[PDB]
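Just so you know, the protein sequences line up as chains A, B, C, D and E, in that order. Residues in the first sequence are numbered consecutively from 789, following the entry's author numbering. Residues in the second sequence are numbered consecutively from 250, following the entry's author numbering. Residues in the third sequence are numbered consecutively from 54, following the entry's author numbering. Residues in the fourth sequence are numbered consecutively from 1, following the entry's author numbering. Residues in the fifth sequence are numbered consecutively from 1328, following the entry's author numbering. Ideal placement from N, C-alpha and C gives every residue a C-beta, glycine not left out.
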Amino acid sequence: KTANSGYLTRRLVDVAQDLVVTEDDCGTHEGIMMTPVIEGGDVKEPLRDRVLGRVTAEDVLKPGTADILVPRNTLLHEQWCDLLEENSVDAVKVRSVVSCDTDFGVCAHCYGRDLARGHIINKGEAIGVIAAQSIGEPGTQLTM
Amino acid sequence: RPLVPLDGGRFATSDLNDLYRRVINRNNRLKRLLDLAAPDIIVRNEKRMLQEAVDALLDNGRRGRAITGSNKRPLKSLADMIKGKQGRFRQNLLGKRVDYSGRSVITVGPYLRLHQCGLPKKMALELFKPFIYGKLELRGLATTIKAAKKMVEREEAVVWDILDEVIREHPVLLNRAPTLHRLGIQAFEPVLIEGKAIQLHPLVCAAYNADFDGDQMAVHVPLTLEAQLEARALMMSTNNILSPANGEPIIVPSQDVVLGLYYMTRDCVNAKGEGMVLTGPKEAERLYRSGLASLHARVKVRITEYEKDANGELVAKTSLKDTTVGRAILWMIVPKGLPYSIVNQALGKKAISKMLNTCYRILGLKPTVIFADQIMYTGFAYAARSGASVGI
Amino acid sequence: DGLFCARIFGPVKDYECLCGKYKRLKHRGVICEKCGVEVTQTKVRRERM
Amino acid sequence: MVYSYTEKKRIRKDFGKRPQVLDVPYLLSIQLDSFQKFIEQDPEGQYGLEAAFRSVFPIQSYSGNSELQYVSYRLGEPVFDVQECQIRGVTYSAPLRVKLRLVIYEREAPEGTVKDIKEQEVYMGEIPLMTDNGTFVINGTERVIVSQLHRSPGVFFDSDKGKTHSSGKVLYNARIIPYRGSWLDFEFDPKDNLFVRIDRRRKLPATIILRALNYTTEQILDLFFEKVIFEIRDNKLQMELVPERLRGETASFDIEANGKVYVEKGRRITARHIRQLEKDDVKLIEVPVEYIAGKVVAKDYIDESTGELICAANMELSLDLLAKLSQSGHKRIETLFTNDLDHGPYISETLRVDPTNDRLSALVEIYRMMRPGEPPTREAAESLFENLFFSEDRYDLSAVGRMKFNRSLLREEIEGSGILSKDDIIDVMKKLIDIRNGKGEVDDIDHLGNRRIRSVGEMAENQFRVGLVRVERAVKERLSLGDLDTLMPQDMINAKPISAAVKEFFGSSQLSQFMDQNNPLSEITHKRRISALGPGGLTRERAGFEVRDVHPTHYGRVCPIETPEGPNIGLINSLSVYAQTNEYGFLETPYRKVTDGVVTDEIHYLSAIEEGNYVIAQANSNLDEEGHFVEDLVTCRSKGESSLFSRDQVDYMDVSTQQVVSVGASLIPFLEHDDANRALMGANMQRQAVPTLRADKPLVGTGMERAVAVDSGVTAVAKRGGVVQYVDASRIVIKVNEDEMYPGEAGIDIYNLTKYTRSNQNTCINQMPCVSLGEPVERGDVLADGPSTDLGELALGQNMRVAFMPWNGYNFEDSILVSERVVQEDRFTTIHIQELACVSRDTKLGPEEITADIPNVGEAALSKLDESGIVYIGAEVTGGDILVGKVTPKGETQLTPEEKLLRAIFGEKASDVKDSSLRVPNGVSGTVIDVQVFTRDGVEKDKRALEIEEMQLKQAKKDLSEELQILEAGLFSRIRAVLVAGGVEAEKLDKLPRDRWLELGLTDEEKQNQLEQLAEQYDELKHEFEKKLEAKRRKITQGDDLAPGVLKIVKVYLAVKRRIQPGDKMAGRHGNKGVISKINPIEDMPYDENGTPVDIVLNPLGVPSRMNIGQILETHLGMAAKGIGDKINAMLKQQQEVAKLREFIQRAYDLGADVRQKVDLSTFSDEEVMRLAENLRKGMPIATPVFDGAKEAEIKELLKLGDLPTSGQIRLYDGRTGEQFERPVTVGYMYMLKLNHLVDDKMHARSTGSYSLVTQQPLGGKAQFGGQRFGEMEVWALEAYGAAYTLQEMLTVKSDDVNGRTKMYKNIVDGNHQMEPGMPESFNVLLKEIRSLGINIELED
Amino acid sequence: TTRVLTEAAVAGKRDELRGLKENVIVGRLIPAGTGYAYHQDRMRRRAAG
DNA sequence: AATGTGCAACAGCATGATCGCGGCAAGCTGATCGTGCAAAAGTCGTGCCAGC
RNA sequence: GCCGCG
Ligand SMILES: [Mg+2]
Ligand SMILES: [Zn+2]
Ligand SMILES: [Zn+2]
């Protein structure tokens, strides 16, 4: 299976090589709606895991109408995640890289914070190779 | 397309030379028979043969099931020998064998810091030859470059001192063979050791997927000012603590460190010392080390915690806590600002990574590095003190 | 006029030309009467086509 | 008697529990037997050289009336024995001398001969021979030849798993594989069409070959189908009744039996109606005309009125043709079954597809298909088809092929023609058809009844046969142009093709590889190896999951544990201990017969096929004294499965408990407590252990160590053991006892031990004697133990006091912490020997001379060189000191005055000649062991040559004079007895020499008969001694006939003692490996209450996640054994009286719960008991067989006897702080090995070196000063970091930028650390390579 | 590579060396990380002339 | 009601199938003739003057 | 081409 893993990671690296963070903020309103990953009778992915270190694309509303909890275009860190877990937020609209609409790259805000360091990502970080390596480092432990 | 040399003065024609010679032969024969008013069929046959030869030269293996020769193996034509595996894999495109590089077996050094590695003095003095030449020439020891080369060859004691000097703040970067992710190549400050095996800090092992059962690592020297700053500020083991795939810390205690931390922070119903009251962790360590109390004994200890509730300020609270001797001893290691509730458990490799994560998210980077080093030290020490063993 | 040639592809050894008519650094870019070899750095054996 | 002399010296405590029926075999039967069958004469041409010779000879010219008749052959005596042959570097081989004669026949008189020239033998070829250990010393190497596992020739049906067309339709294909030739394939098209594939070409309709065998359409339809008859008389149109065939069918109309209704229209189709119809005897009955509409006419009825007829086979019938045949008088019409219930429409479709129906048409079609060139002329197609199949020479499947062919088709006969007939193709086609219908089943291809083993003999025979046919094609030519003067040497003997083919196979082949030399275990494992690769085998990439898996028939034939790890897993295996080969070559395994309910002792060897039907018991089944089974319901294997069966149902029983595991894996004690993968790694790791300075027996063994040590051949084993007469560190001389003696010339046995000698892996091969003096020795005892052997018992490691505990992180992961006492006691110190060679070869400018005087080199370097220019024996060299001084001359003929001044001031050479001397390669050290200078015939002898030759003469005469002295002493004794019988002068007769002038004459009879015969015998003895000594001296001193260019060869040996160090790799035999981390001082290690410190500290965390409980059990058993040894050594220290020592040793040996070992010291006298106790002082070498060894209770009670804690754990005190560790620590004695992976050969570093001519990048690997490869993924990681400048310097300056390298070096030496990058040469090379195509690529601005 | 070069050779296209593998092959600073800053200086000069 | 067109199934062919590292032999194996003549170049046996 | 190492 190591040969298959190596070939897969080669393909991923080559498809994703030409992608670096080039802009501070594209300014788009587009985003991706995120909800806890649920199937059947058990919880699999809580919203805290799926939203941590991402930038909100729209204002999050408490079930009480017309109460702005966290403002638009902000980075969610452990404090924000804990605050939204204290309330009952269930779906959060956070911008993702598939809607950055910038040319030959990705906005530093559409892409969340880099997982290696707590701060938001800096311009010029080659994120395609990092993503390919992260996806391809496992696979040697996937039972095919 | 160099010619293969052989025994004596005889030379062996290589692949492309054979293909070119064949093409030239057929072209010359066709040219000579064109002017002889040869019949149409022989001219046609020679034209076909020339076309076939040119195709075999330009890309062998198709249209004629290869042309082979002298080994019953297809001949390596122009297309096949582009670059290694026909692409740019081997001798281009990130495939270069690099100079100023070495390789050796890795062993465990528990005395190291998080940013240090062990480099043999024989492996150095060979990676750092031009630097040592420069230092010898600049100190006035060897004026001519020949004198410096001879002095390094004879390896006097002054060469060793100068080598120790040039190593001082020059990070060298080690990597393991299957560099799966980016944490598989990291820059450490070398420490010269008398040996032949590279000594690797245990904590980083999980990043490398490296066990000390015959693994080998390669050492590269970043011989430039910009490269040195890049190794120090981008590839240092103190820089990449969290894995850039999920954000969870990747330099975490493993194996013996976890066993030591778990054995230290446990309790038993009856032990030496029960409900005894201690003025602080120092008294707990004194009681354990001198033998008047057990690591698992349950006591009441006066503990002072620090909170960062104020805006960037640490405020202290002192309280009497029901804990064990081992947890109190461990508390002398946690940096100020973390609650005592992170120690009042068993710390089974899930609490310890969580406590490192909270240290990173609350205190910063450098206190977390100091904390990780101290955790590894104390875990090894108390695992050895524990004497845990497997029996039938 | 061979596959390995000295009139083309440049010289074989340093600045020396075949037959040793002009073989030194004093002569440069000169083509011998006997052999069409020119005196140059013989690193052009990797470039002349 | 009960115990041999060598076993009496140290008796292991076997744990047994089950008597062994048959002992382990030779362990080398495969290679020795295969080569013996290949070489030895056979009066029937069954196998070997004689078989090939009878296959080829006799051969005659094309009606030339001249023949070569073959009569027997012979192999000459080898010129050099294996020792000298390995020393010089020549192949160990023997000549072939074949006796053949010419017969020239009469041209005028048919079948008559006119000339018969019977010349002597003619020489061709040089056949290598295998030594007594099963190795071919060729070109001065070892070169074991590995057995091959391939597909036995025959017929194989396959199902391709039924996923080809994604329609779910299963396609069955049959394949005929010859031993030598081209295969046949029959395949099914999902549209249900037969297809035939010859030589794996495109598919063709199958009926072409049937037409090619002179088979008409009617005949093939009759052969491949059964035919029924429809009778239409008086418009009745009756049908024959076949109730068996009418199983599933719908009644289209009323069915009446003899005018009475039997089955209604669409009535019940159950078996009851069929049985009722069959019970009633009913003749043919009328049937509706609608049913016959779908039928197809089989035969071709002929009209009696006109020649026109309906011969269209595979055609249906119309209403008009019914009237036509009625007019023609066709009362009965033959039509095939056309019934699809179990059968089906087949064959007819293929013939409908292809319209050819004539033999010539089929032959021309197949000739065009096979050969797409020129069409034939009735002669090329026929010859081509003859050459494919039913050809005596072009096609041949061997006897195993014919056997498999007959068995697959259930034919009673087994022996048959090794060539295809016309009927077997029909039979295999019908078998494919029937397996399609459902009768029969597809067979497994991995089954060991379908995989054969080719050993050395068969492959050598095949290569010799290839060479032989090649020589025959040549010798056939000349016979038409040869007169009566031609002789066999001139008969185109042509030794060159034969010798070239055999040497090419033996030296450079896929399955003839360097034999590993670490330990005797790795040797013995490599010798008995099964390889699935090879010429006629399969490649690594072309093998799927299924081929490299463990098939249920692998039980007692192929080891399930021992196999390489990464690429070759499952493709390389080792035979089990007991597996052998059939007469055909399939693997068989011993078993014990069961009669009634008892287990008898007769042993039957069962193959893979035969064992499938018998019910086979298990090795560990309890038995009573009478042999019956203790329990009624026992475990068994019936057909590739296992279950519980009754006591009277079984048919065979396992012979022993080592049947499953190989020789390598049967050495791991407590194997049953190890994970299968960890056991695999341990077995593969035992073979890499390096022999140590001193062998140390395993305290915990298995008992197979004696077998490995003895049958590996490294040791010296007696063959006519009597009483040892002389012992030396080099020789052992034994006087054979009188009970066995060859009459005449008396006889003694001399064993010359091989002293320090390099192995293939550059270890040391050393033999030291085991016997002292006057010690009786029996046949089969060991005299000297080779590398890593102790008293004839395999000892490839050392016993180390191992404590399982984490220690300050120094045994993190798998690292191993070692005490300084291990280094101090010189354990794990290994001697490594290296080769260096120098050649004095001729040159255009003159001859190369080896002289001590080397120009330009001073006296200091020449200090270690003698007057001949070669280093002194025992000189310690390192770095680059000169070993031999060789001088290369230079050509100078334009005599110039400056050279005159140079020649005048300095010597006559004036250092004109260059020097090219042998220097130690850098980084190598050692002491010179031996120098092996060889000289050419005619060239003057070197100074050291006379010394070496005189040493050889002195050794030869010293070794040969012993028998001379014995014989002369015997003759003198006989003469003394004779003179005592008459005229005895007592000591005076012994005072004078020559028996005091033969004691005059004395009596007439004694003088004429006794004295004369004694003198005659004495003078004949003197003469034979003189002549044999002269012959030996002439043999030793001669000029070697080396290569034409070379005039002198010099070989220098170096030896260096590598001591253990942190980087070194150490491992136990339970898969637990590691590298050392620290060499702790003695006082820092943990110690027990007795103050004795441990030697090795291991990590316990490596036990539970790896599942090696063999580790812990071996540790406890070693602790118990060392406890008993300590008790014995204590009772020996205080000089305790013998009887109590005997009683204690008896108590130790009488332990265990019903063990089969019954060693009793009552029969032992005092001396042997004292010797044994002194031998058990270090510990009791107790042994546990593989799967039935020591139990928990036995280990605990063994510990109890030695006054050790039964828990196996003691209290350990810290060596640095003195505090007791909180928990008890497991301490014992584990037997550890030092693998060949040392940091001395694995540390490398480079800063500048030599670069490749093209691409100008650094070379690769050590021994060439290479740089580490910055591969693709490394650059990916650097890009992920964002490291642009480091990446740029790694891509241009460090590697490929030609000017960037020099600029960067100058900047560093200056101290600038500036890059100044540039243009990699690799990209310029790529641009030139692309431009050399028809493509223009440039650099724009 | 046979297919990619063939379609590139016919179309007569150019690379412009914008990605990472293009710059690594020719030994230039990659446009990511510490080389990102250097690549921006070159881009503005190209636009300005 | 016979006819032409567009869509789909089956066969053949191209492509690629992890990264480093260490050690050992044997192939690595490799030739276009002669031609017979001027034309040139070189070489050899011989005689020359200049130094001791 | 073979063998092994992680
Ligand atoms: Mg490893
Ligand atoms: Zn964006
Ligand atoms: Zn010239």
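Please state whether DSSP places residue i in a helix, a strand or coil.
i: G367(B); result: strand
i: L255(B); result: coil
i: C838(D); result: strand
i: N294(B); result: helix
i: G1039(D); result: coil
i: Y1087(D); result: strand
i: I500(B); result: coil
i: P590(D); result: strand
i: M124(D); result: strand
i: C608(B); result: helix
Select from the options the residue whose C-alpha is nearest the C-alpha of residue i.
i: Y1231(D); options: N762(D), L699(D) and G774(D); result: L699(D)
i: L571(D); options: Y591(D), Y555(D), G537(D) and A579(D); result: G537(D)
i: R346(B); options: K1133(D), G1318(D) and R1269(D); result: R1269(D)
i: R610(B); options: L849(A), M932(A), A904(A) and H817(A); result: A904(A)
Should residue i be labelled buried (16 or more other beta-carbon atoms within 10 Å of its own) or exposed?
i: residue 1343(D); result: Absent from the structure is residue 1343(D), since the part of chain D shown begins at 1 and ends at 1341.
i: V357(B); result: buried
i: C311(D); result: exposed
i: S712(D); result: buried
i: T853(A); result: exposed
Rounded to the nearest angstrom, how far is the Cβ of residue i from that of residue j, given a contact under 8 angstroms?
i: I833(D); j: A1055(D); result: 5 angstroms
Q: Evaluate contact between the stretch 872-884 of chain A and the stretch 838-847 of chain A, counting only Cβ atoms and requiring at least three cross-stretch pairs below 8 angstroms.
A: yes
(Q) Using 8 angstroms as the cut-off, can you tell me whether the stretch 1149-1157 of chain D makes contact with the stretch 16-31 of chain D, which would need three or more C-beta pairs spanning the two stretches below that distance? (A) yes
Q: State whether the stretch 357-368 of chain B contacts the stretch 469-489 of chain B, with contact taken as three or more CB pairs (one from each stretch) at a distance under 8 angstroms.
A: yes
Q) Between the stretch 521-532 of chain D and the stretch 679-687 of chain D, are three or more C-beta pairs nearer than 8 angstroms? A) yes
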